[PDB]
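Shown below: start_32.pdb, with PDB, C-alpha atoms and all ligand atoms.
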ATOM      1  CA  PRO B   1      64.319 119.740-142.872  1.00  0.00           C
ATOM      2  CA  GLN B   2      67.338 121.144-144.766  1.00  0.00           C
ATOM      3  CA  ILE B   3      70.584 121.942-142.914  1.00  0.00           C
ATOM      4  CA  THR B   4      73.083 124.265-144.493  1.00  0.00           C
ATOM      5  CA  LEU B   5      76.758 123.785-143.772  1.00  0.00           C
ATOM      6  CA  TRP B   6      77.904 127.298-142.970  1.00  0.00           C
ATOM      7  CA  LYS B   7      78.077 126.179-139.339  1.00  0.00           C
ATOM      8  CA  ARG B   8      78.650 122.758-137.781  1.00  0.00           C
ATOM      9  CA  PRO B   9      75.556 120.594-138.340  1.00  0.00           C
ATOM     10  CA  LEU B  10      74.720 120.283-134.636  1.00  0.00           C
ATOM     11  CA  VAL B  11      71.344 118.937-133.580  1.00  0.00           C
ATOM     12  CA  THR B  12      69.677 117.661-130.411  1.00  0.00           C
ATOM     13  CA  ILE B  13      69.531 113.909-129.832  1.00  0.00           C
ATOM     14  CA  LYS B  14      67.885 111.752-127.186  1.00  0.00           C
ATOM     15  CA  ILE B  15      69.709 108.663-125.963  1.00  0.00           C
ATOM     16  CA  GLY B  16      69.441 106.417-122.918  1.00  0.00           C
ATOM     17  CA  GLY B  17      66.961 108.895-121.470  1.00  0.00           C
ATOM     18  CA  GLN B  18      69.269 111.919-121.930  1.00  0.00           C
ATOM     19  CA  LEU B  19      69.243 114.906-124.282  1.00  0.00           C
ATOM     20  CA  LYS B  20      72.546 115.914-125.938  1.00  0.00           C
ATOM     21  CA  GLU B  21      73.995 117.930-128.825  1.00  0.00           C
ATOM     22  CA  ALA B  22      75.573 115.941-131.665  1.00  0.00           C
ATOM     23  CA  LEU B  23      77.147 116.487-135.089  1.00  0.00           C
ATOM     24  CA  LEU B  24      75.503 114.989-138.167  1.00  0.00           C
ATOM     25  CA  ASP B  25      78.675 113.522-139.731  1.00  0.00           C
ATOM     26  CA  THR B  26      78.625 111.966-143.231  1.00  0.00           C
ATOM     27  CA  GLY B  27      82.312 111.213-142.812  1.00  0.00           C
ATOM     28  CA  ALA B  28      81.722 108.819-139.869  1.00  0.00           C
ATOM     29  CA  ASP B  29      80.774 105.216-140.666  1.00  0.00           C
ATOM     30  CA  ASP B  30      79.646 104.695-137.062  1.00  0.00           C
ATOM     31  CA  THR B  31      78.195 106.801-134.234  1.00  0.00           C
ATOM     32  CA  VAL B  32      80.576 107.867-131.448  1.00  0.00           C
ATOM     33  CA  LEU B  33      79.248 109.424-128.286  1.00  0.00           C
ATOM     34  CA  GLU B  34      80.815 111.137-125.296  1.00  0.00           C
ATOM     35  CA  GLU B  35      81.424 109.111-122.167  1.00  0.00           C
ATOM     36  CA  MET B  36      78.152 107.987-120.634  1.00  0.00           C
ATOM     37  CA  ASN B  37      77.413 104.949-118.516  1.00  0.00           C
ATOM     38  CA  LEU B  38      74.753 103.136-120.515  1.00  0.00           C
ATOM     39  CA  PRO B  39      73.393  99.826-119.176  1.00  0.00           C
ATOM     40  CA  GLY B  40      73.971  96.494-120.835  1.00  0.00           C
ATOM     41  CA  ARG B  41      76.695  94.497-122.509  1.00  0.00           C
ATOM     42  CA  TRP B  42      79.413  96.084-124.611  1.00  0.00           C
ATOM     43  CA  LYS B  43      82.508  94.967-126.573  1.00  0.00           C
ATOM     44  CA  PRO B  44      85.878  96.802-126.732  1.00  0.00           C
ATOM     45  CA  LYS B  45      86.773  98.470-130.020  1.00  0.00           C
ATOM     46  CA  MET B  46      89.366 100.864-131.416  1.00  0.00           C
ATOM     47  CA  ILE B  47      88.363 103.515-133.980  1.00  0.00           C
ATOM     48  CA  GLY B  48      90.762 105.679-135.933  1.00  0.00           C
ATOM     49  CA  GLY B  49      90.571 109.123-137.388  1.00  0.00           C
ATOM     50  CA  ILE B  50      92.848 112.095-137.848  1.00  0.00           C
ATOM     51  CA  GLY B  51      95.532 111.886-135.162  1.00  0.00           C
ATOM     52  CA  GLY B  52      95.258 108.151-134.493  1.00  0.00           C
ATOM     53  CA  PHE B  53      93.003 105.695-132.647  1.00  0.00           C
ATOM     54  CA  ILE B  54      90.991 105.886-129.435  1.00  0.00           C
ATOM     55  CA  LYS B  55      89.488 103.116-127.329  1.00  0.00           C
ATOM     56  CA  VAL B  56      85.689 102.926-127.237  1.00  0.00           C
ATOM     57  CA  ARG B  57      82.927 100.717-125.842  1.00  0.00           C
ATOM     58  CA  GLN B  58      80.634  99.374-128.548  1.00  0.00           C
ATOM     59  CA  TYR B  59      76.974  99.021-127.580  1.00  0.00           C
ATOM     60  CA  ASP B  60      74.570  97.382-130.032  1.00  0.00           C
ATOM     61  CA  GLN B  61      70.889  98.075-130.770  1.00  0.00           C
ATOM     62  CA  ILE B  62      70.824 101.395-128.967  1.00  0.00           C
ATOM     63  CA  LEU B  63      67.865 103.662-129.687  1.00  0.00           C
ATOM     64  CA  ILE B  64      68.570 107.306-130.467  1.00  0.00           C
ATOM     65  CA  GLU B  65      66.086 110.022-131.434  1.00  0.00           C
ATOM     66  CA  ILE B  66      67.613 112.599-133.847  1.00  0.00           C
ATOM     67  CA  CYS B  67      65.418 115.720-134.313  1.00  0.00           C
ATOM     68  CA  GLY B  68      62.290 113.668-133.724  1.00  0.00           C
ATOM     69  CA  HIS B  69      63.396 110.828-136.074  1.00  0.00           C
ATOM     70  CA  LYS B  70      64.096 107.509-134.365  1.00  0.00           C
ATOM     71  CA  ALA B  71      67.060 105.252-135.162  1.00  0.00           C
ATOM     72  CA  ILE B  72      68.367 102.002-133.625  1.00  0.00           C
ATOM     73  CA  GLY B  73      71.905 100.803-134.012  1.00  0.00           C
ATOM     74  CA  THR B  74      75.440 100.547-132.782  1.00  0.00           C
ATOM     75  CA  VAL B  75      76.820 103.345-130.598  1.00  0.00           C
ATOM     76  CA  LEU B  76      80.482 103.619-129.668  1.00  0.00           C
ATOM     77  CA  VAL B  77      81.141 105.301-126.336  1.00  0.00           C
ATOM     78  CA  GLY B  78      84.428 106.787-125.333  1.00  0.00           C
ATOM     79  CA  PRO B  79      86.573 109.887-124.947  1.00  0.00           C
ATOM     80  CA  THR B  80      85.430 111.494-128.102  1.00  0.00           C
ATOM     81  CA  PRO B  81      85.659 115.331-128.089  1.00  0.00           C
ATOM     82  CA  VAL B  82      82.193 115.600-129.745  1.00  0.00           C
ATOM     83  CA  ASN B  83      79.041 113.499-130.070  1.00  0.00           C
ATOM     84  CA  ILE B  84      79.153 112.169-133.657  1.00  0.00           C
ATOM     85  CA  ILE B  85      76.132 110.777-135.512  1.00  0.00           C
ATOM     86  CA  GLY B  86      77.533 108.565-138.270  1.00  0.00           C
ATOM     87  CA  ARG B  87      76.093 106.936-141.353  1.00  0.00           C
ATOM     88  CA  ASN B  88      74.841 103.860-139.501  1.00  0.00           C
ATOM     89  CA  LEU B  89      72.118 106.078-137.955  1.00  0.00           C
ATOM     90  CA  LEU B  90      71.942 108.881-140.556  1.00  0.00           C
ATOM     91  CA  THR B  91      70.676 106.346-143.105  1.00  0.00           C
ATOM     92  CA  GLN B  92      67.774 105.390-140.860  1.00  0.00           C
ATOM     93  CA  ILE B  93      66.445 108.947-140.592  1.00  0.00           C
ATOM     94  CA  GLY B  94      66.555 109.421-144.333  1.00  0.00           C
ATOM     95  CA  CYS B  95      69.467 111.853-144.428  1.00  0.00           C
ATOM     96  CA  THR B  96      71.026 112.669-147.792  1.00  0.00           C
ATOM     97  CA  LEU B  97      73.636 115.070-149.186  1.00  0.00           C
ATOM     98  CA  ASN B  98      72.328 117.270-151.964  1.00  0.00           C
ATOM     99  CA  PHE B  99      73.999 119.749-154.303  1.00  0.00           C
TER
ATOM    100  CA  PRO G   1      72.895 114.990-157.310  1.00  0.00           C
ATOM    101  CA  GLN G   2      71.304 113.464-154.205  1.00  0.00           C
ATOM    102  CA  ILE G   3      73.673 111.127-152.334  1.00  0.00           C
ATOM    103  CA  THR G   4      72.428 108.548-149.869  1.00  0.00           C
ATOM    104  CA  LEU G   5      74.582 107.365-146.996  1.00  0.00           C
ATOM    105  CA  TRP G   6      74.323 103.552-147.171  1.00  0.00           C
ATOM    106  CA  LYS G   7      77.862 103.729-148.568  1.00  0.00           C
ATOM    107  CA  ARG G   8      80.635 106.232-147.872  1.00  0.00           C
ATOM    108  CA  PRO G   9      79.907 109.446-149.850  1.00  0.00           C
ATOM    109  CA  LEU G  10      83.027 109.196-152.017  1.00  0.00           C
ATOM    110  CA  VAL G  11      83.340 111.364-155.119  1.00  0.00           C
ATOM    111  CA  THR G  12      85.976 112.093-157.689  1.00  0.00           C
ATOM    112  CA  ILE G  13      87.707 115.437-157.318  1.00  0.00           C
ATOM    113  CA  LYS G  14      90.151 117.262-159.601  1.00  0.00           C
ATOM    114  CA  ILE G  15      92.958 119.198-157.944  1.00  0.00           C
ATOM    115  CA  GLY G  16      96.245 120.556-159.311  1.00  0.00           C
ATOM    116  CA  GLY G  17      95.250 118.835-162.547  1.00  0.00           C
ATOM    117  CA  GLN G  18      94.993 115.370-160.975  1.00  0.00           C
ATOM    118  CA  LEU G  19      92.001 113.149-160.234  1.00  0.00           C
ATOM    119  CA  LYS G  20      91.537 111.651-156.769  1.00  0.00           C
ATOM    120  CA  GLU G  21      88.759 110.163-154.677  1.00  0.00           C
ATOM    121  CA  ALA G  22      87.510 112.044-151.600  1.00  0.00           C
ATOM    122  CA  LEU G  23      84.897 111.745-148.871  1.00  0.00           C
ATOM    123  CA  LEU G  24      82.214 114.413-148.535  1.00  0.00           C
ATOM    124  CA  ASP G  25      82.504 114.978-144.761  1.00  0.00           C
ATOM    125  CA  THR G  26      79.969 117.229-142.976  1.00  0.00           C
ATOM    126  CA  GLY G  27      81.806 116.653-139.684  1.00  0.00           C
ATOM    127  CA  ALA G  28      84.987 118.247-140.983  1.00  0.00           C
ATOM    128  CA  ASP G  29      85.322 122.029-140.744  1.00  0.00           C
ATOM    129  CA  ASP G  30      88.188 122.001-143.256  1.00  0.00           C
ATOM    130  CA  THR G  31      89.333 119.984-146.287  1.00  0.00           C
ATOM    131  CA  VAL G  32      92.327 117.699-145.668  1.00  0.00           C
ATOM    132  CA  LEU G  33      93.969 115.670-148.424  1.00  0.00           C
ATOM    133  CA  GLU G  34      96.613 112.981-148.248  1.00  0.00           C
ATOM    134  CA  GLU G  35     100.237 113.825-149.046  1.00  0.00           C
ATOM    135  CA  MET G  36     100.577 115.281-152.533  1.00  0.00           C
ATOM    136  CA  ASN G  37     102.515 117.920-154.528  1.00  0.00           C
ATOM    137  CA  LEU G  38     100.610 121.242-155.030  1.00  0.00           C
ATOM    138  CA  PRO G  39     102.227 124.369-156.563  1.00  0.00           C
ATOM    139  CA  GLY G  40     102.477 127.695-154.790  1.00  0.00           C
ATOM    140  CA  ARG G  41     103.088 129.002-151.300  1.00  0.00           C
ATOM    141  CA  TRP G  42     102.028 127.105-148.194  1.00  0.00           C
ATOM    142  CA  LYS G  43     102.152 127.640-144.421  1.00  0.00           C
ATOM    143  CA  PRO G  44     102.535 125.004-141.662  1.00  0.00           C
ATOM    144  CA  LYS G  45      99.377 124.378-139.644  1.00  0.00           C
ATOM    145  CA  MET G  46      98.100 121.907-137.050  1.00  0.00           C
ATOM    146  CA  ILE G  47      94.654 120.289-137.116  1.00  0.00           C
ATOM    147  CA  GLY G  48      93.070 118.038-134.504  1.00  0.00           C
ATOM    148  CA  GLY G  49      90.811 115.073-134.963  1.00  0.00           C
ATOM    149  CA  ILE G  50      89.406 112.115-133.085  1.00  0.00           C
ATOM    150  CA  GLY G  51      92.840 110.701-132.295  1.00  0.00           C
ATOM    151  CA  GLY G  52      94.863 113.900-131.765  1.00  0.00           C
ATOM    152  CA  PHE G  53      96.680 116.437-133.940  1.00  0.00           C
ATOM    153  CA  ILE G  54      98.648 116.287-137.170  1.00  0.00           C
ATOM    154  CA  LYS G  55     100.902 118.724-139.002  1.00  0.00           C
ATOM    155  CA  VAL G  56      99.552 119.838-142.386  1.00  0.00           C
ATOM    156  CA  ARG G  57     100.560 122.226-145.172  1.00  0.00           C
ATOM    157  CA  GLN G  58      97.896 124.898-145.658  1.00  0.00           C
ATOM    158  CA  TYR G  59      97.347 125.923-149.267  1.00  0.00           C
ATOM    159  CA  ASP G  60      94.974 128.837-149.717  1.00  0.00           C
ATOM    160  CA  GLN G  61      92.736 129.767-152.651  1.00  0.00           C
ATOM    161  CA  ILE G  62      93.300 126.432-154.382  1.00  0.00           C
ATOM    162  CA  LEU G  63      91.085 125.539-157.316  1.00  0.00           C
ATOM    163  CA  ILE G  64      89.364 122.177-156.801  1.00  0.00           C
ATOM    164  CA  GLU G  65      86.524 120.525-158.757  1.00  0.00           C
ATOM    165  CA  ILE G  66      84.236 118.238-156.747  1.00  0.00           C
ATOM    166  CA  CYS G  67      81.901 115.955-158.621  1.00  0.00           C
ATOM    167  CA  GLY G  68      81.820 118.510-161.428  1.00  0.00           C
ATOM    168  CA  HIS G  69      81.360 121.614-159.224  1.00  0.00           C
ATOM    169  CA  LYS G  70      84.140 124.145-158.902  1.00  0.00           C
ATOM    170  CA  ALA G  71      85.496 125.542-155.629  1.00  0.00           C
ATOM    171  CA  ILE G  72      88.421 127.799-154.808  1.00  0.00           C
ATOM    172  CA  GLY G  73      89.468 127.624-151.199  1.00  0.00           C
ATOM    173  CA  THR G  74      91.770 126.326-148.510  1.00  0.00           C
ATOM    174  CA  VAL G  75      93.204 122.816-148.794  1.00  0.00           C
ATOM    175  CA  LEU G  76      95.254 121.223-145.995  1.00  0.00           C
ATOM    176  CA  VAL G  77      97.672 118.476-147.083  1.00  0.00           C
ATOM    177  CA  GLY G  78      98.996 115.938-144.627  1.00  0.00           C
ATOM    178  CA  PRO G  79      98.823 112.476-143.092  1.00  0.00           C
ATOM    179  CA  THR G  80      95.044 112.146-143.054  1.00  0.00           C
ATOM    180  CA  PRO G  81      93.827 108.534-143.322  1.00  0.00           C
ATOM    181  CA  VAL G  82      91.583 109.532-146.267  1.00  0.00           C
ATOM    182  CA  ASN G  83      90.934 112.565-148.461  1.00  0.00           C
ATOM    183  CA  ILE G  84      88.128 114.565-146.838  1.00  0.00           C
ATOM    184  CA  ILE G  85      86.102 117.412-148.301  1.00  0.00           C
ATOM    185  CA  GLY G  86      85.030 119.643-145.410  1.00  0.00           C
ATOM    186  CA  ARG G  87      82.450 122.364-144.955  1.00  0.00           C
ATOM    187  CA  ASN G  88      84.703 125.137-146.214  1.00  0.00           C
ATOM    188  CA  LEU G  89      84.292 123.632-149.708  1.00  0.00           C
ATOM    189  CA  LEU G  90      80.982 121.827-149.286  1.00  0.00           C
ATOM    190  CA  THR G  91      79.340 125.206-148.786  1.00  0.00           C
ATOM    191  CA  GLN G  92      80.891 126.478-152.006  1.00  0.00           C
ATOM    192  CA  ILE G  93      79.322 123.739-154.079  1.00  0.00           C
ATOM    193  CA  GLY G  94      75.900 124.325-152.548  1.00  0.00           C
ATOM    194  CA  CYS G  95      75.834 121.105-150.526  1.00  0.00           C
ATOM    195  CA  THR G  96      73.219 120.659-147.775  1.00  0.00           C
ATOM    196  CA  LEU G  97      71.998 117.891-145.517  1.00  0.00           C
ATOM    197  CA  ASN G  98      68.358 116.893-145.922  1.00  0.00           C
ATOM    198  CA  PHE G  99      66.004 114.491-144.173  1.00  0.00           C
TER
HETATM  199  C1  LIG A 101      91.453 116.301-129.865  1.00  0.00           C
HETATM  200  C2  LIG A 101      91.305 117.777-130.388  1.00  0.00           C
HETATM  201  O1  LIG A 101      90.415 117.783-131.527  1.00  0.00           O
HETATM  202  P1  LIG A 101      89.136 118.893-131.666  1.00  0.00           P
HETATM  203  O2  LIG A 101      88.334 118.982-130.430  1.00  0.00           O
HETATM  204  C3  LIG A 101      87.992 118.389-133.088  1.00  0.00           C
HETATM  205  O3  LIG A 101      87.250 117.274-132.581  1.00  0.00           O
HETATM  206  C4  LIG A 101      86.598 116.582-133.674  1.00  0.00           C
HETATM  207  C5  LIG A 101      86.967 115.120-133.937  1.00  0.00           C
HETATM  208  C6  LIG A 101      86.307 114.326-135.074  1.00  0.00           C
HETATM  209  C7  LIG A 101      85.280 115.004-135.961  1.00  0.00           C
HETATM  210  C8  LIG A 101      84.663 114.150-137.112  1.00  0.00           C
HETATM  211  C9  LIG A 101      85.768 113.945-138.158  1.00  0.00           C
HETATM  212  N1  LIG A 101      86.221 115.258-138.548  1.00  0.00           N
HETATM  213  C10 LIG A 101      87.637 115.613-138.654  1.00  0.00           C
HETATM  214  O4  LIG A 101      88.517 114.864-138.422  1.00  0.00           O
HETATM  215  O5  LIG A 101      87.819 116.965-139.136  1.00  0.00           O
HETATM  216  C11 LIG A 101      89.085 117.563-138.951  1.00  0.00           C
HETATM  217  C12 LIG A 101      89.237 118.301-140.412  1.00  0.00           C
HETATM  218  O6  LIG A 101      88.384 119.332-140.295  1.00  0.00           O
HETATM  219  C13 LIG A 101      88.462 119.821-138.807  1.00  0.00           C
HETATM  220  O7  LIG A 101      87.310 120.090-138.369  1.00  0.00           O
HETATM  221  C14 LIG A 101      86.973 119.058-137.170  1.00  0.00           C
HETATM  222  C15 LIG A 101      88.072 118.355-136.936  1.00  0.00           C
HETATM  223  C16 LIG A 101      89.057 118.564-138.067  1.00  0.00           C
HETATM  224  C17 LIG A 101      85.179 113.213-139.361  1.00  0.00           C
HETATM  225  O8  LIG A 101      83.937 113.761-139.719  1.00  0.00           O
HETATM  226  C18 LIG A 101      84.779 111.812-138.934  1.00  0.00           C
HETATM  227  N2  LIG A 101      85.975 110.927-138.887  1.00  0.00           N
HETATM  228  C19 LIG A 101      86.317 109.953-139.991  1.00  0.00           C
HETATM  229  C20 LIG A 101      87.128 110.682-141.112  1.00  0.00           C
HETATM  230  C21 LIG A 101      88.481 111.135-140.603  1.00  0.00           C
HETATM  231  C22 LIG A 101      87.317 109.650-142.231  1.00  0.00           C
HETATM  232  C23 LIG A 101      88.321 108.572-141.771  1.00  0.00           C
HETATM  233  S1  LIG A 101      86.364 110.458-137.257  1.00  0.00           S
HETATM  234  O9  LIG A 101      85.739 111.347-136.262  1.00  0.00           O
HETATM  235  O10 LIG A 101      87.785 110.311-137.057  1.00  0.00           O
HETATM  236  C24 LIG A 101      85.575 108.856-137.030  1.00  0.00           C
HETATM  237  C25 LIG A 101      86.338 107.610-137.365  1.00  0.00           C
HETATM  238  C26 LIG A 101      85.687 106.243-137.167  1.00  0.00           C
HETATM  239  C27 LIG A 101      84.274 106.200-136.614  1.00  0.00           C
HETATM  240  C28 LIG A 101      83.589 104.832-136.416  1.00  0.00           C
HETATM  241  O11 LIG A 101      82.907 104.537-137.645  1.00  0.00           O
HETATM  242  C29 LIG A 101      83.520 107.475-136.261  1.00  0.00           C
HETATM  243  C30 LIG A 101      84.162 108.835-136.465  1.00  0.00           C
HETATM  244  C31 LIG A 101      84.912 116.468-135.719  1.00  0.00           C
HETATM  245  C32 LIG A 101      85.591 117.265-134.582  1.00  0.00           C
HETATM  246  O12 LIG A 101      89.695 120.335-132.255  1.00  0.00           O
HETATM  247  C33 LIG A 101      90.397 120.198-133.494  1.00  0.00           C
HETATM  248  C34 LIG A 101      89.903 121.199-134.575  1.00  0.00           C
END
Now that the file is in, can you turn its structure into structure tokens?
Ligand SMILES: CCOP(=O)(COc1ccc(C[C@H](NC(=O)O[C@H]2CO[C@H]3OCC[C@H]32)[C@H](O)CN(C[C@@H](C)CC)S(=O)(=O)c2ccc(CO)cc2)cc1)OCC
Amino acid sequence: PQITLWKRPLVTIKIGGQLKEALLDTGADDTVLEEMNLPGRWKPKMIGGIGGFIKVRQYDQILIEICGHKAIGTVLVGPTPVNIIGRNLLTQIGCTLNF
Amino acid sequence: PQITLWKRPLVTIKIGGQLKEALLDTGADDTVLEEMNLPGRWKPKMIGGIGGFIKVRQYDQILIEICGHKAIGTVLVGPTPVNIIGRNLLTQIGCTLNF
């Protein structure tokens, strides 16, 4: 598909058996999801953006389905205001910017 | 062009007659550039990100050239960690997401 940018590029994702709405974000290196208690090991991390840093839990090799396209990678979980799909997963679904 | 996301989508921009590097950021509503001197009126504004809010200077109807494509729109200037081109200007240059 093609997604115009008049509105936020929000799409449905499937993760850890749950459906959620997330932002396709070319400005995020990594994927940051709202608080959810996913099973398995995790490592503490701090990620910074506008306004400073927040503490997140880094889970590795997490599967996520993004509009029917599967991707497997690192997911950071924490008090993010929005579910953010970053480049680590956008690359796997073949997403590009075009103008 | 078509820009893949294996690397950060950084491009050269031209603003106020100066060249800079900026990130094409589909997760940003607005365009926020690091501290710099622009001519003309500006108004104080606040914008929020992953880590909280920052104070910026809002410059309206600013000419900016992004990877060779012209835009005239709002530019916020302030303590952003990196220059980000948001949707307000990405739409003007005809940028879309595709997978
Ligand atoms: C708390 C109240 O904030 P809030 O609810 C908004 O919440 C939001 C918070 C974040 C975003 C996404 C970010 N966009 C953003 O900063 O945009 C600003 C300017 O345009 C406005 O539009 C939306 C916000 C304003 C950006 O795409 C991605 N970032 C990196 C860039 C900064 C490059 C360093 S990152 O997320 O920091 C980040 C860092 C590290 C990792 C791990 O690799 C992953 C993600 C969108 C909405 O309301 C406020 C309007």
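With all atoms listed in the file taken into account, the protein and nucleic acid residues at most 8 Å from residue G:72 (excluding it and anything under 5 positions from it in its own chain) are residues 61, 62, 63, 64 and 89 of chain G.
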Selection file, C-alpha atoms, as a PDB file, in the coordinates of the input:
ATOM      1  CA  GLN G  61      92.736 129.767-152.651  1.00  0.00           C
ATOM      2  CA  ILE G  62      93.300 126.432-154.382  1.00  0.00           C
ATOM      3  CA  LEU G  63      91.085 125.539-157.316  1.00  0.00           C
ATOM      4  CA  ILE G  64      89.364 122.177-156.801  1.00  0.00           C
ATOM      5  CA  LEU G  89      84.292 123.632-149.708  1.00  0.00           C
TER       6      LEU G  89
END
Practice problem: Please write as JSON, numbers by chain the full residue list that the PyMOL selection byres (((chain B and resi 37) around 12) and not hetatm) yields on this file. | Solution: {"B": [15, 16, 17, 18, 33, 34, 35, 36, 38, 39, 40, 41, 42, 57, 58, 59, 76, 77, 78]}
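Each of B:92, B:68, B:83, B:50 was checked against ligand LIG 101 (chain A) using only C-alpha atoms and all ligand atoms; the smallest atom-to-atom distance is that of B:50.
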As a quick test: using all atoms listed in the file, which residues lie no more than 7 Å away from ligand LIG 101 (chain A)? Give them as an MDAnalysis selection string.
(chainID B and resid 25:32 47:50 81:82 84 86) or (chainID G and resid 25:32 47:53 81:82 84 86)
Using only C-alpha atoms, which residue out of G:54, G:66, G:46, G:19 lies closest to chain B?
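Using only C-alpha atoms, the shortest distance to chain B belongs to G:54.
Residues matched by the PyMOL selection byres (((chain B and resi 94) around 10) and not hetatm) in this structure: residues 69, 89, 90, 91, 92, 93, 95 and 96 of chain B; 4, 5, 98 and 99 of chain G.
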(message) Show me the residues around (81.0, 110.2, -148.8) - criterion: an atom at most 6 Å away, only C-alpha atoms counted - as a ChimeraX atom specification.
(response) /G:8-10,23-24
Take the selection from the previous step and output its residues with C-alpha atoms, as a compact mmCIF listing (two decimals), in the frame of the given file.
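The result, written out as selection_22.txt:
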# COMPACT_ATOMS: atom_id res chain seq x y z
CA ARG G 8 80.64 106.23 -147.87
CA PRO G 9 79.91 109.45 -149.85
CA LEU G 10 83.03 109.20 -152.02
CA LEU G 23 84.90 111.74 -148.87
CA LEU G 24 82.21 114.41 -148.54
Students should find that atom CA of residue G:7 and atom CA of residue G:74 are spaced 26.5 Å
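Rounded to one decimal, atom CA of residue G:97 and atom CA of residue B:3 lie 5.0 Å from each other.
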Chain B proximity check over G:85, G:73, G:67, G:1, using all atoms listed in the file: winner is G:1
Output the coordinates of chain B after least-squares fitting to chain G on all in-order C-alpha pairs, as a CSV table (one decimal) with C-alpha atoms, keeping the file's coordinate frame.
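This is the output file result.csv:
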chain,number,residue,atom,x,y,z
B,1,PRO,CA,72.4,114.9,-157.2
B,2,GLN,CA,71.3,113.1,-154.0
B,3,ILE,CA,73.8,110.9,-152.1
B,4,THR,CA,72.5,108.4,-149.6
B,5,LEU,CA,74.6,107.5,-146.6
B,6,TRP,CA,74.4,103.7,-146.6
B,7,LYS,CA,78.0,103.8,-147.9
B,8,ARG,CA,80.8,106.4,-147.4
B,9,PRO,CA,80.0,109.5,-149.5
B,10,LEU,CA,83.0,109.1,-151.8
B,11,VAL,CA,83.2,111.1,-155.0
B,12,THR,CA,85.8,112.0,-157.6
B,13,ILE,CA,87.6,115.3,-157.3
B,14,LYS,CA,90.0,117.2,-159.6
B,15,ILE,CA,92.8,119.1,-157.9
B,16,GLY,CA,96.2,120.5,-159.1
B,17,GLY,CA,95.6,118.6,-162.4
B,18,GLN,CA,95.0,115.3,-160.7
B,19,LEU,CA,91.9,113.1,-160.2
B,20,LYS,CA,91.3,111.6,-156.8
B,21,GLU,CA,88.6,110.0,-154.6
B,22,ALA,CA,87.4,112.0,-151.6
B,23,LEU,CA,84.8,111.9,-148.8
B,24,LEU,CA,82.1,114.6,-148.6
B,25,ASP,CA,82.5,115.3,-144.9
B,26,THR,CA,80.0,117.6,-143.1
B,27,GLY,CA,81.9,117.0,-139.9
B,28,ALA,CA,85.1,118.7,-141.3
B,29,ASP,CA,85.4,122.5,-141.1
B,30,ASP,CA,88.3,122.4,-143.6
B,31,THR,CA,89.4,120.2,-146.5
B,32,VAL,CA,92.3,117.8,-145.8
B,33,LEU,CA,94.0,116.0,-148.7
B,34,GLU,CA,96.5,113.2,-148.9
B,35,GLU,CA,100.2,114.1,-149.4
B,36,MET,CA,100.7,115.7,-152.8
B,37,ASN,CA,103.4,118.2,-153.8
B,38,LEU,CA,101.3,121.2,-154.9
B,39,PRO,CA,103.2,124.4,-156.1
B,40,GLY,CA,103.2,127.6,-154.3
B,41,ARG,CA,103.4,129.0,-150.8
B,42,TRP,CA,102.0,127.2,-147.7
B,43,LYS,CA,101.8,127.8,-144.0
B,44,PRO,CA,102.2,125.1,-141.3
B,45,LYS,CA,99.1,124.1,-139.3
B,46,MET,CA,98.0,121.4,-136.9
B,47,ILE,CA,94.5,120.0,-137.1
B,48,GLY,CA,92.9,117.7,-134.5
B,49,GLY,CA,90.3,115.0,-134.7
B,50,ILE,CA,89.7,111.7,-133.0
B,51,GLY,CA,93.0,110.3,-131.8
B,52,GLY,CA,94.9,113.7,-131.6
B,53,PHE,CA,96.5,116.2,-134.0
B,54,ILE,CA,98.5,115.8,-137.2
B,55,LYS,CA,100.8,118.3,-139.0
B,56,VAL,CA,99.5,119.7,-142.3
B,57,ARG,CA,100.5,122.2,-145.0
B,58,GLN,CA,97.9,124.8,-145.5
B,59,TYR,CA,97.5,126.1,-149.1
B,60,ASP,CA,95.1,128.9,-149.8
B,61,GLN,CA,92.9,129.6,-152.9
B,62,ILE,CA,93.3,126.2,-154.3
B,63,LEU,CA,90.8,125.2,-157.0
B,64,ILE,CA,89.0,121.8,-156.7
B,65,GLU,CA,86.3,120.4,-159.0
B,66,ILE,CA,83.9,118.1,-157.0
B,67,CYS,CA,81.6,116.1,-159.3
B,68,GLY,CA,81.7,118.8,-161.9
B,69,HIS,CA,81.1,121.7,-159.4
B,70,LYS,CA,84.0,124.0,-159.0
B,71,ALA,CA,85.2,125.4,-155.6
B,72,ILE,CA,88.1,127.6,-154.5
B,73,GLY,CA,89.5,127.6,-151.0
B,74,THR,CA,91.9,126.5,-148.4
B,75,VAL,CA,93.3,122.9,-148.7
B,76,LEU,CA,95.3,121.3,-145.9
B,77,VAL,CA,97.8,118.7,-147.1
B,78,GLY,CA,99.3,116.0,-145.0
B,79,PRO,CA,99.3,112.4,-143.8
B,80,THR,CA,95.6,112.1,-143.7
B,81,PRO,CA,94.3,108.5,-144.2
B,82,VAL,CA,91.6,109.8,-146.6
B,83,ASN,CA,90.9,112.8,-148.8
B,84,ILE,CA,88.3,114.9,-146.9
B,85,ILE,CA,86.2,117.6,-148.5
B,86,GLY,CA,85.1,119.8,-145.6
B,87,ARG,CA,82.5,122.5,-145.2
B,88,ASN,CA,84.7,125.3,-146.6
B,89,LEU,CA,84.3,123.7,-150.1
B,90,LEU,CA,81.0,121.9,-149.6
B,91,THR,CA,79.3,125.2,-149.1
B,92,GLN,CA,80.5,126.5,-152.5
B,93,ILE,CA,79.0,123.6,-154.4
B,94,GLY,CA,75.6,124.0,-152.7
B,95,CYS,CA,75.7,120.9,-150.6
B,96,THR,CA,73.1,120.5,-147.9
B,97,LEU,CA,71.9,117.8,-145.4
B,98,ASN,CA,68.3,116.9,-145.7
B,99,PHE,CA,66.0,114.7,-143.7
Min atom-atom distance to residue G:20 from the set G:75, G:65, G:55, G:44, counting all atoms listed in the file, belongs to G:65
